[PDB]
């Protein structure tokens, strides 16, 4: 019931909070930067303040203090569902508080009234070739939508730093509302013979309109979509996509530009693209070893994949050190809905083998699986076999998280992200020599 008002009052409490805190500990040390950290992608450096979520290496992600199961229980469900609606999540990430069902409905409704594409985007999408990857299409379409930016106007217009957050809030609501429109058009155009996406039923929830535009009607596939979109929404801020959005948002680029840049990062093979990668490898697996393999043959398939310089897709993590609750959460879902699925059973079998392999191999820090290892198998089951699209789905979810933070970054006037770089030759000089 008026998320903008809600924010309007939470803001100054928090501004207060930090100032006083910074006054006290501004110069207090929270860490040490090492030569290896610099060469190792800031591995283990605590270099960002990100509010919407925190990641625990052992326990996983907590969204505003809540774990996945906690959310699963707490957040409002649909009419007669079991899976939490992403609208709730979004309210939670933004507010810090559990939304009521009324609040949740208000969002759905808000996201329905704002879903609307400019024709220039439409045309573009319609002229894209079928050889251009869906993420690229997605990314390029978003960038193009920036002509609609309110923040971009207000800013040129001369707004006060103070009001920045309000513009960003509108840009943010509008993008999340349109994303499914762009995502759906992409699918259709690529996989549905360019058929129309149709309309938004103002009376449905965001996932539900999305699935319609996609042209899927299994009510269970709807529930999946809800779960899918909830769980991929945020993953603290050091992740490539979030960080990107955050780094780019810092220069004051609008939310369209920022999200788009984040998509380019999500699309990397070591990141969100792994969604799709996993699937491709699982398929090729099935071709070779066949539908039902022996643990023994599975091992070698991995033992091979390894001494051959390749990584096992969906396994490993920069931060997590244990099995990702996102993975588990998905597996519980399969267990309740597609337990007899062959692909599913394989994924399941992989779970018992890879970790030991990745343990005797001795390189990976995290021998366990991440969300990526398990999403595709679910999708595929419901008929969405177009694996080059999976990352798009992840992208649409990630907007929830990143944008929720975008508002806060500007509301708290976080400045330009600009660290200092060094050359090896200078680092050597600093230390002495290697």
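For clarity, a rigid core is taken as the largest C-alpha set superposing within 1.5 Å between two forms. Positions refer to the first chain, counted from 1.
- Here the rigid core sets the fit, and in 4 other deposited structures of this protein the C-alphas of 305-313 stray farther than those of the other stretch, out of 326-334 and 305-313.
- The segment moving more, judged by mean Cα distance from this form in 4 other deposited structures of this protein after a core overlay, is 154-162 among 198-206 and 154-162.
- Relative to one another, 328-336 and 235-243 have unequal mean CA B-factors, and 328-336 is the one with the higher figure.
- Just going by the entry, 157-165 versus 249-257 on mean CA temperature factor gives the higher value to 157-165.
- The PDB entry assigns its highest CA temperature factor, among 270, 320, 181, 289, to 289.
- As recorded in the entry, 364 carries the highest CA temperature factor of 354, 112, 364, 94.
- In this PDB entry, residue 380 carries a Cα temperature factor that places it within the middle third of its chain's modelled residues.
- In the deposited entry, the Cα temperature factor of residue 129 sits in the middle third of values across the chain's modelled residues.
- Among all modelled residues in its chain, residue 142 ranks in the lowest third by Cα B-factor.
- Residue 16 sits in the highest third of its chain by CA B factor, as recorded in the PDB entry.
- Residue-level temperature factors show residue 420 in the lowest third of its chain, judged at the C-alpha atom.
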